[PDB]
Amino acid sequence: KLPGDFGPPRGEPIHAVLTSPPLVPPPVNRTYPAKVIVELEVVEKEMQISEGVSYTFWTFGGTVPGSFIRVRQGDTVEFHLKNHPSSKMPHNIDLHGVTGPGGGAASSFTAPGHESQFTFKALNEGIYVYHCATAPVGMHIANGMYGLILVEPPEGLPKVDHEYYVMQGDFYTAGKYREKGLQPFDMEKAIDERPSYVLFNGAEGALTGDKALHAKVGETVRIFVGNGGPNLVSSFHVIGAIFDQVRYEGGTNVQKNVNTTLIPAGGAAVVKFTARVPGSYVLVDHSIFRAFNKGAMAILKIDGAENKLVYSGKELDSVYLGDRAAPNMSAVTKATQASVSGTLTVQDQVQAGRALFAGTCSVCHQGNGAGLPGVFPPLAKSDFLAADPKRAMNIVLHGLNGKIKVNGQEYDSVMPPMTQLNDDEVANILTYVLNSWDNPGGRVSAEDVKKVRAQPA
Amino acid sequence: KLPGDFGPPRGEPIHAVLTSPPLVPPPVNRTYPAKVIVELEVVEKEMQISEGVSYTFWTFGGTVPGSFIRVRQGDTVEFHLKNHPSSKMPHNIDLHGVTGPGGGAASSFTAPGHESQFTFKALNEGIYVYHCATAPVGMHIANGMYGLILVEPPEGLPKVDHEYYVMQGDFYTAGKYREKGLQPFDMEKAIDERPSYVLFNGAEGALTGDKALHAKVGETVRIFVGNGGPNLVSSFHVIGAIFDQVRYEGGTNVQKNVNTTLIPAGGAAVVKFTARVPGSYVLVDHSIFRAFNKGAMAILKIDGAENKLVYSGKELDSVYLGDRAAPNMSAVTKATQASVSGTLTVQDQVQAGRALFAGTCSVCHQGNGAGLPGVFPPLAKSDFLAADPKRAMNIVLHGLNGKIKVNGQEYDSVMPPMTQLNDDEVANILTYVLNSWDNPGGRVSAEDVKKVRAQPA
Amino acid sequence: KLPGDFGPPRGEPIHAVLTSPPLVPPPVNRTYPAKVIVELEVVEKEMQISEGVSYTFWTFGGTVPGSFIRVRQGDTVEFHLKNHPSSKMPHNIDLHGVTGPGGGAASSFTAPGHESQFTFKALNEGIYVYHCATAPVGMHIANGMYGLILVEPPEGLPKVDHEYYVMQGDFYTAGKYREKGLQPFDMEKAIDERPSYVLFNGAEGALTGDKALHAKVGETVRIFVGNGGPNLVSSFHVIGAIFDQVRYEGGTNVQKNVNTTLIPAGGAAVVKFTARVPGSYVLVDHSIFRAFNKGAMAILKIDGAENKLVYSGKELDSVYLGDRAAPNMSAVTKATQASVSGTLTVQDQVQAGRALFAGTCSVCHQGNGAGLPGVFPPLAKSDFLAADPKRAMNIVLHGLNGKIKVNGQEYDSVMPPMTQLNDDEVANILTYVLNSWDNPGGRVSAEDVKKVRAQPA
Ligand code: HEC
Ligand code: HEC
Ligand code: HEC
Ligand SMILES: [Cu+2]
Ligand SMILES: [Cu+2]
Ligand SMILES: [Cu+2]
Ligand SMILES: [Cu+2]
Ligand SMILES: [Cu+2]
Ligand SMILES: [Cu+2]
């Protein structure tokens, strides 16, 4: 016998209903094998990879990751791939759930404005990555061409309260992290496995703030977690919790009660979480500079009653989550647009800088700029800041150490350099500070910052 | 008790028969522990890491990976290491199957033209990496000094139709990927874990085309898969199939029905595959730029009857496999040699360029250069190409976008830059195109391309 | 039920006794849940990351990794974090054993000279990483802020002869590996995941030589192995042995009889080893250039009777272990200090160079400088060396090949470049050689070497 030997397809042909991340199609809830017709369309389009940063994504179904496909082991799948006429590249597909050469690739080659099809039997239960298989394969995957297909076991997966769809990827821009504008793909960084962004669901903030996943205390949550790569292996972790279960692909092994689990490039897992106490739980790649410096953080927010017997402490804030603690960073997108249009106002900068100040500066200087007398100097009503705004630009870029006097008190500490901030980020942050807390107002421009970066003090 | 406690060696001393990759010695097929004499000789020698690219490998037995060693748990192994007189370096061995300091390293230190020996009991069943353990350890491993030893369980492994031997490694050349000539080892790239090549069995194409592994529909295939490193962890994957079973080293755990499995640097696994439908199945590191831009692809070709109930589609082609779809790329080796000798002909370039055009250019321009009217412009009988061969060199290196007219039709698309191609590759590709499809002939030299690369348009 | 449902805390409140690496607190040895009070203090301080190389570590309890915490599943833990007044940064904690947002992070935020506390129930047995969770999170982790907490199962872990505590981390210095002085943290290398050092227990040599772990033939050894990252995944391996068992975090899965095991960034495992034959067993990251070029090696030294039936060979030496075969490299620290003070003597250089010569040079030239006639030239009484000390500096930095005559014999071989050695290392090595084996004496300075490095021959 082949696996999946449940006889020929029966009942009526089923047009598959595909979902956009982070949502999942309903359970198939069927006891017979079917012919399932899947229709997926490739679209190439600009979208925001971060606030004010555009990227030309190549997508299955208009999203990164691509549309979720849900079938039953033993189904016959008639797979139709369309390539939107606006596409410049040809595309195809390899689904890891397919038994046969290229996982579908040779039969699915599709030029702009064309359609292809092929048929396969889903012999193997499991969660599987699919992706584009068009030379150069890495460029297509890097541009967002990956998703998940779930092949359910015949009896279905156990019932849970919520199912979600999260997929990591590594991205390669010409520009540095959070450098604004339309950023080209960078082949040299890709070949060197040196990504500028590492994301869940194709954007910074795709699953944070007002885009978080939700559940309640007591509920069970299943997450279908993929790693599209192209290159990185995820040290996949939930901050503040444990996974009840982790199962990779269609593997027989199930691990229980684990916190950190390695998902190979091209791999996928099904994780289960039980919500025990309220708050924000962070999905990360625990290769920490990915999660905290490249975008690899997503949120599952649990509503419900505190249990002080289990955890006496407070919800996550900007100390840990940084600028992603807030509902969104829309002001950054607005100020970037206004720079482009040539209509950038002081208030546009202030609201952008407000968003960026959280975590980045507030961890030491506090959210109200007060600092901590003799330990962290104030930015609120700060004589030192007012006395020399160019020096303040140098301090953000290049750091500051040694004895200073601020508002009549001595400090003798160290502020690390923050050179990774872009010229517009420094300018907007300092403009926010100057227009808050009885400081003198005015503004700092990105051009002001560019000059200080080129000639440090 | 120690493990492996099967009493003293009995019968006659056995001179081990060692195999070159990708082949495996026969099952030991024995019910008693034996003294097994293993004789392995280190050879330092130039060989082709890619077509027209030489590298000084350091080998166990003249191959990368080194000769396969097959023994039975509870055997006494008398290990003899010889260092060929032509060697410049001393060498030794650490076998992961050895219980004792250095896995054999101090007792196996061997200068050029010398021999060493030591004895160990094989206490632990499993598949194990062996490698050189001579300071600087990473340089020796990087130059190819690794292989596998199988310590069988007492009753033997279950019978299969085929057994094969595949080992991944990361390689560090001074030159870039596919830059021709004798390439020195590059310590700086090695320390930074930035390999120029990532290979199965010591060369690009070692297991592709006319060097593929073979089996038939219905047959079972066991592959002993090693990762010699030195530095990379493999996201080891079979395109178009699943592994029936994966077992690491001598581990008790066996995973079944998995597609993607992480093999640590220095690790090894036994995988099993059942062939269900015909075609080419690709073993890759699914850190995708390794498999598709650095050489990390191998083929298992399955012969037999199509099963349209399982897979309705076509065999792998150059869209996915690129220039490795073909039986070999011997023409590239020939043209490189002819450049060195100073006898490079137009036809030498044409045949090299023919090989390199597959996938690289044909994915968009087609294998016959026809393109797709109004979508991908033709290279066949192309007025645009003929009008300006220097512009064509600039297009390959630096890309092309915007409105053009080719053979009377408008195109308004994007051809990405292909800067990673070497000067000789661009020159040979364009020479092929110029001497095909009623184009004007002539040639492009690598020196022509070098000048365009230095001064883009 | 929640897990850990063993009723309210009983008996007396327990003040936890925390241990410094590589030691572990005693088993809890208790049948009832307790309130456990944990007091941990953050200290920022300079310490030696390698001989003569200082780094400002940020520590939990004054060590890297931080103090080990041992509790029982179902305990109520009242966690107190203090920040020493000498600190310049604020700090907090995320323990992977905590159920709740941030693993404790928001409730543990602590400015210099302050204290925080929070309470949590230990619901989940297992070994878990804890680390600082203060923006920028990666900088805090990179500076050493991580450790382990063991939550025992209710019945305790099985008894063993020895328990040890080892934790890997990746470190990012401005300077290159073994470049002397106080080295700043390097954010750019951290973001790129390009560490200068990869260590066990916060320093080169922390667990080698006269700092090795110990046990005897026949004994069982449990090691709690953490990977603090921030970024790297360890291909964790014991040279010369196998792990009886490996269990990750609180996972249900236990793997037996494995040699190489991948520990995620932020992950932890419990490994068990049975000592069968005497000698030095090396714990490494088998991403080999980490273990042999960046510091990622630790030793478990087993005392007891040889068993020639199992292993006929010799203890580890400098061929494999390099300069870490020796009890320590204190002379390097002394000579560095003397350079700083301006009191560097010839004998200070000689003793430093003696330490550095082991492995690095002795693998080919022997520990007595004799070489191997016609294969490796002598450094002992070497006419060639004496004739031109500047040439000798060029040879170490830039290599040597081709025919030479040394002490009346021809050599026609290759000495690779050793450019990664720092100016002081080359100077001290050559000073050692010049003042040994009837060579002419005198000295080479680091300034002499700096000039040759800038103008190769
Ligand atoms: C803690 C790690 C810090 C973060 C994050 C930021 N700053 Fe800071 N800042 C810090 C210290 C300890 C000091 C004093 C250093 C010394 O020599 O003692 C400073 C100083 C400033 C100043 C000048 C003094 C004042 O006006 O209060 C400015 C203008 C300043 N810092 C701004 C600033 C901004 C805008 C930040 C986010 C980009 C930021 N700091 C982060 C400590 C820390
Ligand atoms: C699809 C991704 C492409 C690959 C791979 C290659 N080329 Fe291409 N090419 C492509 C397009 C869409 C265009 C037109 C761009 C525009 O502005 O509309 C081109 C154009 C050329 C041309 C000039 C026009 C012509 O003569 O047809 C040349 C000479 C050309 N391409 C050559 C070429 C070669 C040799 C390739 C492999 C190295 C190659 N192209 C790849 C799309 C694609
Ligand atoms: C084997 C891999 C080597 C290591 C490690 C080192 N050296 Fe070496 N050395 C080696 C060879 C094969 C040769 C001769 C090369 C040739 O052209 O045939 C050398 C030569 C030297 C010399 C000059 C000759 C002599 O005086 O014997 C010097 C001074 C020398 N080597 C020094 C040296 C030092 C100090 C090393 C550690 C830093 C070192 N060598 C390593 C082979 C090897
Ligand atoms: Cu595509
Ligand atoms: Cu794939
Ligand atoms: Cu060797
Ligand atoms: Cu090894
Ligand atoms: Cu901290
Ligand atoms: Cu963590």
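A, B, ... follow the sequence lines: proteins, then strands. Residue 1 opens every chain. Whatever order the structure lists them in is the order used to number ligands and atoms, beginning at 1.
Using bins of under 30°, 30° to 60° and over 60° for the plane-to-plane angle, the ring pair C/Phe292/C/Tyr320 lands in the parallel bin.
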For residues 365-379 of chain C, which side-chain N or O atoms pair as donor and acceptor with protein atoms under 3.5 Å away, sequence neighbours left out?
residue	atom	partner	partner atom	Å
C/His365	ND1	C/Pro377	O	2.8
C/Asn368	OD1	C/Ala370	N	3.0

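Below 4.0 Å from some heavy atom of B/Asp412 lie the following atoms of ligand 2, by number and element: 18 (O). Heavy-atom contacts of A/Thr360 reach the following atoms of ligand 1: 5 (C), 37 (C), 41 (C) (cutoff under 4.0 Å). Distances below 4.0 Å separate heavy atoms of C/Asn401 from the following atoms of ligand 3: 17 (O). Annotation for ligand 2: atoms under 4.0 Å from non-hydrogen atoms of B/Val414 are 12 (C). For ligand 3, the atoms closer than 4.0 angstrom to any heavy atom of C/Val363 are 5 (C). Atom numbering of ligand 2 starts at 1 in the shown order; those under 4.0 Å from a heavy atom of B/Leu385 are 26 (O). With ligand atoms numbered from 1 in the order given, ligand 2 contributes 18 (O) to contacts under 4.0 Å with heavy atoms of B/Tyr411. The contact set between ligand 3 and C/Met418, taken as ligand atoms under 4.0 Å from a residue heavy atom, comprises 37 (C), 38 (C), 41 (C).
Among protein heavy atoms, atom 18 (O) of ligand 3 sits closest to C/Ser413 N, 2.9 Å. Looking only at heavy atoms of the protein, atom 24 (C) of ligand 3 is closest to C/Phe384 CD2, 3.5 Å.
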Which is it for B/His140 and B/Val42 under the side-chain contact (heavy atoms from CB on, under 4.5 Å) test, yes or no, and what are the steps along the way? CA-CA 11 Å; B/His140 284 252; B/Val42 176; over 6 Å; no
side-chain contact (heavy atoms from CB on, under 4.5 Å), that's the test. Do B/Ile395 and B/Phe384 meet it? Break it down for me. CA-CA 11 Å; B/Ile395 290 162; B/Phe384 189 103; 3.6 Å; yes
CA sep, side-chain torsions, deciding dist, call: B/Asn92, C/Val319, side-chain contact (heavy atoms from CB on, under 4.5 Å): CA-CA 9 Å; B/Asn92 64 3; C/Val319 171; 3.7 Å; yes
Give the intermediate values and the outcome of side-chain contact (heavy atoms from CB on, under 4.5 Å) for residues C/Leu385 and C/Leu434. CA-CA 8 Å; C/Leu385 169 68; C/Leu434 285 168; 4.1 Å; yes
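Pairs passing the salt bridge (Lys or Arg N to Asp or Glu O under 4.0 Å) check and including a residue from residues 387-409 of chain B, sequence neighbours excluded, read B/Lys403-B/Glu410, B/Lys403-B/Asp412. Note on residues 356-369 of chain C: no pairs pass salt bridge (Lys or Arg N to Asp or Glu O under 4.0 Å), not counting sequence neighbours.
With contacts defined as side-chain heavy-atom distances shorter than 4.5 Å, the pair C/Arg178/C/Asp424 does not qualify. Looking at heavy atoms from C-beta onward, B/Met139 lies out of side-chain contact with B/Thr134 at the 4.5 angstrom threshold.
Atom CG in B/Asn143 sits 9.0 Å away from atom NE2 in B/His91 (nearest 0.5 Å). For the atom pair CG (C/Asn83) and CD (C/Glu44), the distance works out to 6.5 Å, reported to the nearest 0.5 Å.
Residue contacts with ligand 2, taken as heavy atom pairs separated by less than 4.0 Å, do not involve B/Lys403 at all. Counting heavy atoms under 4.0 Å from ligand 2, residue B/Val426 does not touch it at all.
Pairing each heavy atom of C/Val350 with each of C/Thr431, the nearest pair is CG2-O, 3.9 Å.
Of the N or O atoms in A/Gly402, one or more lie within a sub-3.5 Å distance of an N or O in ligand 1.
In this structure, of C/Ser382, C/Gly353, B/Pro136, C/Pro378, the residue bringing a heavy atom nearest to atom 27 (O) of ligand 3 is C/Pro378.
Here 2 is the count of protein N, O or S atoms positioned under 2.8 Å from atom 8 (Fe) of ligand 1, waters not counted.
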